[PDB]
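J.: This one's a deposited entry, sequence included:
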Amino acid sequence: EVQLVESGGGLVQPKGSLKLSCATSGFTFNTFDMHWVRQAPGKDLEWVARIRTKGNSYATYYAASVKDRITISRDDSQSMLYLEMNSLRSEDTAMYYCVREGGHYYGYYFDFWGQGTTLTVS
Amino acid sequence: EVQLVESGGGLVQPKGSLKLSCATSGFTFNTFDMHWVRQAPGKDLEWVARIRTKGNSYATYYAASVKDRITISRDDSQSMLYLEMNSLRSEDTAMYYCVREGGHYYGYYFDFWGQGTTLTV
Amino acid sequence: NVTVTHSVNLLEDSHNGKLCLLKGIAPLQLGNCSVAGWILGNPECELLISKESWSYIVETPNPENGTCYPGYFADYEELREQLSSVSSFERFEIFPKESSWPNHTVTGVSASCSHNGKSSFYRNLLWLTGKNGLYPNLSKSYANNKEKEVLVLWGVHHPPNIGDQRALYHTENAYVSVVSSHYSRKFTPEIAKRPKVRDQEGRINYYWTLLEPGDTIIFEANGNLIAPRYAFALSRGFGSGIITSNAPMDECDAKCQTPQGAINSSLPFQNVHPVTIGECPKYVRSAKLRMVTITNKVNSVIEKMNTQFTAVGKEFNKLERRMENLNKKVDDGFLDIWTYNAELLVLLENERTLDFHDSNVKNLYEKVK
Amino acid sequence: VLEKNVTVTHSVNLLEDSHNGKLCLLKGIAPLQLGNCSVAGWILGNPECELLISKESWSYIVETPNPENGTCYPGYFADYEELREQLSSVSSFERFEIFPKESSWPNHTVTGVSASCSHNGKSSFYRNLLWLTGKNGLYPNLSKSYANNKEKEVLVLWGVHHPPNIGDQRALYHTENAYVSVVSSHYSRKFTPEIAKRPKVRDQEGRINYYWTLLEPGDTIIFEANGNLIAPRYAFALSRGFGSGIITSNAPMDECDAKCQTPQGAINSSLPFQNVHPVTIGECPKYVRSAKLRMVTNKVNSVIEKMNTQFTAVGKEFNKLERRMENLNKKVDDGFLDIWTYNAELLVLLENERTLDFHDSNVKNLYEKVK
Amino acid sequence: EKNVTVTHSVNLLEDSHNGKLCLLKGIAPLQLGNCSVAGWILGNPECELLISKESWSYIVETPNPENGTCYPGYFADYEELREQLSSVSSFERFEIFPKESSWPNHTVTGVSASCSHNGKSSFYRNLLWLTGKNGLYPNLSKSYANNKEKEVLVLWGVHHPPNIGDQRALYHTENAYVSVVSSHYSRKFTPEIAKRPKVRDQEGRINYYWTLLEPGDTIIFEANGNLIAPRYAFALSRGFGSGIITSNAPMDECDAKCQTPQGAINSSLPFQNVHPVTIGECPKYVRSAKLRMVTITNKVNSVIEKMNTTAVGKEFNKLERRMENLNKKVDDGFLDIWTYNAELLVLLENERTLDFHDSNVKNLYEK
Amino acid sequence: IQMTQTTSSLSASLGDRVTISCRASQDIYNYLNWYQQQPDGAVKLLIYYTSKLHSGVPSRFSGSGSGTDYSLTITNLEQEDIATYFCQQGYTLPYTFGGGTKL
Amino acid sequence: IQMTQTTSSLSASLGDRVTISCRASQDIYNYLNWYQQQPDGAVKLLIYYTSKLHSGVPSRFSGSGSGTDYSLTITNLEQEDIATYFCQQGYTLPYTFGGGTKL
Ligand SMILES: *[C@@H]1O[C@H](CO)[C@@H](O[C@@H]2O[C@H](CO)[C@@H](O[C@@H]3O[C@H](CO)[C@@H](O)[C@H](O)[C@@H]3O)[C@H](O)[C@H]2NC(C)=O)[C@H](O)[C@H]1NC(C)=O
Ligand SMILES: *[C@@H]1O[C@H](CO)[C@@H](O[C@@H]2O[C@H](CO)[C@@H](O[C@@H]3O[C@H](CO)[C@@H](O)[C@H](O)[C@@H]3O)[C@H](O)[C@H]2NC(C)=O)[C@H](O)[C@H]1NC(C)=O
Ligand SMILES: *[C@@H]1O[C@H](CO)[C@@H](O[C@@H]2O[C@H](CO)[C@@H](O)[C@H](O)[C@H]2NC(C)=O)[C@H](O)[C@H]1NC(C)=O
Ligand SMILES: *[C@@H]1O[C@H](CO)[C@@H](O)[C@H](O)[C@H]1NC(C)=O
Ligand SMILES: *[C@@H]1O[C@H](CO)[C@@H](O)[C@H](O)[C@H]1NC(C)=O
Ligand SMILES: *[C@@H]1O[C@H](CO)[C@@H](O)[C@H](O)[C@H]1NC(C)=O
Ligand SMILES: *[C@@H]1O[C@H](CO)[C@@H](O)[C@H](O)[C@H]1NC(C)=O
Ligand SMILES: *[C@@H]1O[C@H](CO)[C@@H](O)[C@H](O)[C@H]1NC(C)=O
Ligand SMILES: *[C@@H]1O[C@H](CO)[C@@H](O)[C@H](O)[C@H]1NC(C)=O
Ligand SMILES: *[C@@H]1O[C@H](CO)[C@@H](O)[C@H](O)[C@H]1NC(C)=O
Ligand SMILES: *[C@@H]1O[C@H](CO)[C@@H](O)[C@H](O)[C@H]1NC(C)=O
Ligand SMILES: *[C@@H]1O[C@H](CO)[C@@H](O)[C@H](O)[C@H]1NC(C)=O
């Protein structure tokens, strides 16, 4: 049905760029805004960044504390997602989730999720 | 300020025509409608006749008893209000006043009065 | 009636006579339901629930069955105008039936809206009724936060007599107060005995409002309420309208449609009907126009200034007679002025070119000698 | 165009500016002569307008510019300007006593008078209504019904009362919070009285609000109240038509002969235009705001006469709080008349030029034939 | 035919203007500016630089007036008032009910936090929020009588508190009413108590009404609660030659002949195309992009100028979609039929001028 | 139409609160002006409408009342404020003055 | 704003009626969804709005409540439905999740 495959994670020193990618299949990528969600070990779920479709000219809202270090883009033709992180820290050891928005007028609900990669720092 | 000087009062027989007069200073004669008020000795203040500005075609309104005996005119260029009487009576010995109305929407209030002239017969 | 060698007839009076597609998008075939019956979910209009996209709106001249429960639709004629330009809405359950009202009976039905022999009710409203003999105050709310207008509909019920009122809401002086950030009202029931219409005596008054992004609407009532169950997230557009017609449908694909058919030509002028939907020729109220054979550019100027109209006669109530005559006079004059303008233009145009051809040979005859 | 004030050889004026200046009959049918009265008084049976009752059929409605003396008991005719439009096309009516005054109300009082509607020095009331008041100090609930079994649309009127104070209300209806409910098959309302002190108008500190509704064949109307009701006593049986309206004029009446009518006079001519007034009733030609139009020596200018048709310019009255209305309607009326005078001006400023060149061409052709 | 070259042409159309608001024949116009019409008439606290002005040629208003009614509410019959306030030559503001000795039994020092001025809470300058004193709200009845041959504008308001505990702590009553009666008026307002979403951090509302007295008439107020009594009134004096225009242009000191929402025009050309809305005696509006006549013409322009001789474009409520489409249909028709009449005349006027000289040559040829 | 007044004369101290009332026969819709008459001299206007003030008048003069019962109150009276006062309508045409009060 | 939750632990038998409450801090106009995260695996969506259902979700899942007091009632528990459940607001920009409870 709907499959989200995420790859691109690995260990890195706390000064180097690291890029993650999430794959999509089984639907239309053009009409589904997608968000990135991070869950640290032993901590509750957190929101990271959200990208809207071409209707709002690819608006890119961001979280508060985790700004000025990410640029989210959507490769619609390749049906992938790109999450970039520069200048990491000691609080970014976590698994990162691919989330689809879902189109209906009942607010926001994140109707699908992914398996999730891992990302550590040293 | 706004002063009102009047003259023309004197003694006359009960058949003459004493034309009273009044003078103004300190404002524009073309935007105020003035009156005439007389007070006989032992009698309360009364009203005689009112003359309006050009906004009512110089309309003139008169009291009841005084009617059909007096006439007023406005000398706007000379800015001296003048009044003319006729057919006098022994019940017309009074002190006469030169009064100004004042333009605001609080009715009529007669804000500026003159010194007063003595007319006796 | 001068004989002409080669003529080009601008006016056209050919229409297919069948309801066709408009550039590949099907219309909303209301069929036997009026607009007031489609919106409120008539039980016998269940084939239009899922059609959330359309080009234009059709309606039979005498829609058989609309408001099943007798009543008076407040500001009905304005609702048609707002819905006459909606591109495509989205029907969403604003108050879910299962959980929104836990202390109220929600299974009330009426025998005047029968469906397949079984009494039913509307599909977009919900006749609330007290449970266990009690009618607690209800106080709902809805905050619209996705930058899209929301159309809300509700109703108030006027029972036939005092006996029926105290047996439903267990009160005598009920009230309904619908409050928003830029709209406030308060209603009251009117218990009176009325003659029979559709075998019913009581009445139901409908109402509506059009929300805005970031706004809130609060419902409060302790009696006589017909709460909403569905709303409509509108999405306005341009190039749509309401027509009244009876022609059958087909699988064709045209560019413009008229209440009596569709036009499949490119002549500047037509005479099928004053009203039209989509890009198509203009209208002239005569029966014979012809330019003897520049002319093509000339007709463009007439068309350019004429291309400002919708001509959809807005329906008016019975208490707005001054509306109608003023509106009828406005439309009558505009078409008659324009038909005379277009008629004389050709009459002036041909006289110039006829002498142009006459002087053409005379020009050669001038150079002949 | 390019010439001006050219002397002509044989002209035919196409403008009519002469009127008989008299209120004349239309096609041999006498008109309704309200004359001194008013539209509000005529319908409600004004005490000083009894002479107009005997008339049943008419052709148009006349009225003086400032009708003197109509609603004798002061009030506010609800939706008054709407009614005048409905009556601007009625061809006849049939005043029939919907509720007879002799047996409809055996339980109340019918003889109510007001000093503001005095007739011949005696106080009275209207003749199409009936002020109801209690008997023996009691005011029982009333409940009346009427079914329109006439195959005609019946017009109905009634009223509500707002007495000056609590004392007047109690002494008349013996209640505190009275209500009046009028319910039809497609018309429902519920009135209530408002008690307050008001400036004296016509030497009385009360008010009466007159309402109305219109029926349909097979319909039914229900009247209910427990007080504050000015009961109906007569109704109307409207019969529609075409070509009629309300014209305001001061012309004298006579036994003339005409074919149409205009407010300032009755015109009987054959020129395809006139400029006496915009408003015109009957079969006479169009109106062009101008001064002098002519064509040097039929079907040349019959298109304008054929396209100008179907235009009634009776200015519909608008309420005090409708200044957005009259400005819109004055814009429409002014624009249409000004545009149409430009079409008619140039419809003859061009044809006359051709005829001047037409005769020149005809003669010059003869010389070529001769030479 | 198409575009052509001619020896001498005079373009009737003009598409150039100074672009600055300026004086109209010698009287400075009212400049609401940073304030709206509803805010101005009610005397908004931050709208006090126009109290002195009492004469104007026209009235200006910014496209999005920031603050008007400081206390949230619904100005009843707003769009009608703007029509009656368009043709007012000059009014006169007088204290209809003096605060010193017209309410001696109540409390008149009532302010709210939503109308703060200079950081201190205040209220309007043309209204007076009445409240009980000592715990009593006595029955009030104040009468007025206009006897000076001038219409008088009167405004008041009714208060709808957010809840019930608010009511009994201000007016000490449960079901109050407000009555206003005149020689041709009658109303009876009642408060409505309900909870509303916050606007300007207030859950209450105040509805503002108005009426237009007539000479010799009498208006009588009566209320036992929830009344916002008037303090000032306006003695209207109807005139001609003014209107409401939305504009953002800067002000300047010159002397023009007419005004358009984007600038003033100083020229004698019969036509223009900048904007249809204007004030004064100045050229008409034609929607063409280029209109010309080959140089008759003086008579041609004046032939159709008289027939053309306001397009106010009155604002309509949000619940009057039938009105605006009706008026939009009327306004577009008149401006498109008229531009075609002038366009067609040029094709007919220039054509005649051609053979007018050619026949002279033929007449010269015969001679 | 006709204006009565209080007593003709009043005896006032230096520091008293002297009041004078001018009740009208008919109803004057809150148009009752006041005047002052210095002895052997002209007269001056104190108050118009009902409680407004004229430019150049001290702050211890004020009025009240409405309907057909008006008043004038003086607080902390001095020795210079001795004169005769009247009351005048402004409602209808035959403007009526007062019967005069001496202080 | 900040989204809270109920107690962090609960032990459930089989066939019992077990609920979990997710009380917010600021009024959310009925935009509270519920999720389920199986151990060492994916996380699903269970209920959106307040009481709707997602495709393929068993009919034993439902919720109720409005304002700032919600619940996710569970009836007739099976051996498969054991995981940690989180609640998420849907009103404003920082869509904050919950701390989640354990089964
Ligand atoms: C949808 O429209 C249909 C008709 O277009 C509605 O059914 C009609 O209902 C009326 C009364 O509810 C029926 O009138 C009665 O019919 C009986 C049987 O002949 C007659 O004896 C009575 O005197 C009365 O006239 C009418 O027959 C019936 N139409 C048909 C074709 O059966 C229906 O109610 C509408 N649906 C909704 C939800 O309003
Ligand atoms: C039908 O019309 C006549 C005239 O339009 C109405 O009679 C008029 O009534 C008014 C008001 O009562 C009279 O004015 C009064 O005159 C007296 C006497 O001078 C004066 O003292 C009052 O102050 C007031 O001005 C008017 O004279 C009178 N006209 C005539 C010719 O008698 C009559 O009321 C109307 N019919 C009905 C039923 O109202
Ligand atoms: C007059 O207008 C100003 C500007 O619109 C108002 O000031 C704003 O008030 C809102 C809340 O009322 C604040 O959120 C803005 O920050 C204010 N703007 C500035 C620049 O300070 C002012 O409140 C208005 N006057 C009244 C009485 O409401
Ligand atoms: C509509 O009403 C007609 C009336 O007889 C009926 O025959 C038809 O079945 C109804 N439905 C449709 C879809 O036409
Ligand atoms: C009504 O519902 C509320 C919760 O919304 C509940 O607390 C209350 O018990 C219910 N009332 C009855 C009578 O069950
Ligand atoms: C329900 O409403 C009535 C009238 O509006 C009120 O008297 C009653 O207190 C309300 N009930 C509650 C629980 O507030
Ligand atoms: C109406 O008023 C006029 C006033 O000119 C009067 O002469 C006439 O007798 C009155 N009645 C009728 C029926 O005209
Ligand atoms: C009222 O009328 C009914 C008949 O319609 C009659 O029986 C009854 O006695 C009347 N009421 C009185 C008080 O007489
Ligand atoms: C008359 O009407 C009142 C109003 O409801 C009612 O209370 C009373 O019972 C009625 N009287 C009769 C006899 O029905
Ligand atoms: C008007 O209000 C604005 C608020 O945006 C403020 O900046 C400005 O100073 C105010 N005054 C003027 C004269 O613009
Ligand atoms: C209230 O007003 C009346 C008349 O205006 C007055 O007599 C009374 O003293 C006033 N109340 C108080 C407490 O002074
Ligand atoms: C004020 O009006 C109320 C409302 O009817 C009334 O009950 C009260 O008696 C009135 N007060 C006076 C002093 O008349």
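T.: Right, received. Where do you want to start? Numbers count the residues shown, from 1 in each chain, chains lettered A, B, ... in the order given. Ligands and ions are numbered 1, 2, ... in the order given.
J.: close to ligand 4, is stretch C:15-23?
T.: No - using C-beta under 6 Å from any ligand atom, stretch C:15-23 stays clear of ligand 4, coming no nearer than 13.1 Å. For every residue, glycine as well, the C-beta is placed using N, CA and C.
J.: who touches that stretch?
T.: Outside stretch C:15-23, the residues within contact range by C-beta atoms under 8 Å, 6 or more residues apart in numbering or on different chains are C:27, C:55-56, C:58, C:245, C:247-258, C:260-264, C:272, C:277-278.
J.: go with 7 Å
T.: Here stretch C:15-23 makes contact (C-beta atoms under 7 Å, 6 or more residues apart in numbering or on different chains) with C:55-56, C:58, C:247-250, C:252-255, C:257-258, C:260-264, C:272, C:278.
J.: Output that stretch as PDB, nothing but the C-alphas.
T.: C-alpha atoms of stretch C:15-23 as PDB (Å, rounded to 0.1, in the frame of the first residue of the first chain):
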ATOM      1  CA  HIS C  15     -27.900  24.300 -30.700                       C
ATOM      2  CA  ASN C  16     -27.500  20.600 -30.100                       C
ATOM      3  CA  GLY C  17     -30.400  20.500 -27.600                       C
ATOM      4  CA  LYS C  18     -28.600  18.100 -25.300                       C
ATOM      5  CA  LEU C  19     -26.700  18.700 -22.100                       C
ATOM      6  CA  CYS C  20     -23.000  18.100 -22.800                       C
ATOM      7  CA  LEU C  21     -19.700  18.200 -21.000                       C
ATOM      8  CA  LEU C  22     -17.900  21.500 -20.600                       C
ATOM      9  CA  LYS C  23     -14.300  20.800 -21.700                       C
END
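J.: Centroid-nearest residue for chain A?
T.: residue A:36 (2.5 Å; C-alpha atoms, centre = their mean).
J.: so it sits in a helix?
T.: No - Residue A:36: not assigned to a helix; according to DSSP: H, G, I helix; E, B strand; the rest coil it is strand.
J.: Just the buried residues of stretch C:256-267, please?
T.: C:256, C:257, C:258, C:259, C:261, C:262, C:263, C:267 (16 or more other C-beta atoms under 10 Å in any protein chain shown).
J.: Phi and psi next, for the first one.
T.: In this entry, residue C:256 is assigned phi and psi values of phi -140, psi 150 (degrees, to the nearest 10).
J.: for chain C, what spans make up the helices?
T.: Ranges of helices within chain C are C:35-39, C:76-83, C:97-100, C:162-166, C:295-306, C:321-368, based on DSSP state H.
J.: Briefly note if the shortest one comes near chain A.
T.: No - on the criterion C-beta under 7 Å from any C-beta of the partner chain, helix C:97-100 is out of touch with chain A, staying 13.1 Å away.
J.: May I see the buried residues of that helix?
T.: C:99, C:100.
J.: chain center to that helix, what's the gap?
T.: In terms of C-alpha atoms, centre = their mean, to the nearest Å, the centre of helix C:97-100 is found 32 Å from the chain centre.
J.: Kindly report the same for the last one.
T.: Here the centre of mass of C-alpha atoms in helix C:321-368, compared against the chain's by C-alpha atoms, centre = their mean, lies 36 Å away.
J.: In TSV: the buried residues of stretch C:256-267, plus distance to residue C:322.
T.: Converted to TSV, the buried residues of stretch C:256-267 look like this (distance: C-beta to C-beta, whole Å):
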residue	distance to residue C:322
C:256	34
C:257	32
C:258	30
C:259	27
C:261	34
C:262	36
C:263	35
C:267	39
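J.: which two in the residues you listed are spaced the farthest apart?
T.: C:259 and C:267 (19.6 Å; C-beta to C-beta).
J.: give me the residue from chain A nearest ligand 7.
T.: residue A:105 (69.0 Å; C-beta to the nearest ligand atom).
J.: Then chain C?
T.: Going by C-beta to the nearest ligand atom, ligand 7 is nearest to residue C:322 of chain C, at 29.4 Å.
J.: Once you drop chain neighbours, what's closest to that residue?
T.: residue D:316 (5.3 Å; C-beta to C-beta, 6 or more residues apart in numbering or on different chains).
J.: which one is the residue in chain A sticking out farthest from the centre nearest to, not counting chain neighbours?
T.: Distance from the C-alpha centroid of chain A peaks at residue A:105, with 22.7 Å (C-alpha atoms, centre = their mean). What sits nearest to residue A:105 in space, not counting adjacent residues and going by C-beta to C-beta, 6+ apart, is residue C:92, at 4.4 Å.
J.: For the one you found, give me its contacts.
T.: A:104, A:105, A:106, C:231, C:233.
J.: If we use 8 Å, what do you get?
T.: Neighbouring residues of residue C:92 by C-beta under 8 Å, 6+ apart: A:104, A:105, A:106, C:230, C:231, C:232, C:233.
J.: Surely the first one is within a strand?
T.: No - secondary structure assignment places residue A:104 outside any strand; it is coil (three-state DSSP).
J.: coming back round to it: partners of the residue nearest to the centre of chain A in the sheet?
T.: residue A:49, residue A:98 (DSSP bridges).
J.: swap in residue A:23?
T.: Counting by DSSP bridges, residue A:23 is bridged to residue A:5, residue A:80.
J.: ok, it touching residue A:114?
T.: No - counting by C-beta atoms under 8 Å, residue A:23 sits too far from residue A:114 to count as a contact (9.1 Å).
J.: Settle it for me: which of those two has more neighbours?
T.: Comparing residue A:23 with residue A:114 by other C-beta atoms under 10 Å in any protein chain shown, the one with more neighbours is residue A:114, at 22 against 15.
J.: Return the residues in contact with that one.
T.: Applying C-beta under 8 Å, 6+ apart, the residues contacting residue A:114 are A:4, A:5, A:6, A:22, A:97, A:98, A:99, G:42.
J.: Residue A:44 now?
T.: By C-beta under 8 Å, 6+ apart, the neighbours of residue A:44 are G:86, G:97, G:98, G:99, G:100.
J.: Look at the first one and tell me its secondary structure.
T.: Put plainly, it is residue G:86. Strictly by three-state DSSP, residue G:86 counts as strand.
J.: Run through the strands of chain A in chain order.
T.: Along chain A, counting by DSSP state E, strands occupy A:3-7, A:18-25, A:34-39, A:45-51, A:60-62, A:73-75, A:80-85, A:95-100.
J.: would you put the C-alpha positions of stretch F:31-45 in CSV?
T.: What follows is stretch F:31-45, C-alpha atoms only, in CSV (Å, rounded to 0.1, in the frame of the first residue of the first chain):
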residue,chain,number,x,y,z
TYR,F,31,-33.4,76.8,27.1
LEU,F,32,-33.2,79.1,30.1
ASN,F,33,-30.5,81.8,30.0
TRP,F,34,-29.4,84.2,32.8
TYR,F,35,-28.3,87.8,32.9
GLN,F,36,-26.7,90.2,35.4
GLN,F,37,-27.5,93.9,35.7
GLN,F,38,-25.0,96.1,37.5
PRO,F,39,-26.6,99.1,39.2
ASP,F,40,-26.6,102.4,37.1
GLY,F,41,-25.0,100.5,34.2
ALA,F,42,-25.4,98.0,31.5
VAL,F,43,-26.0,94.2,31.8
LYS,F,44,-24.1,91.1,31.2
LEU,F,45,-24.9,87.5,30.3
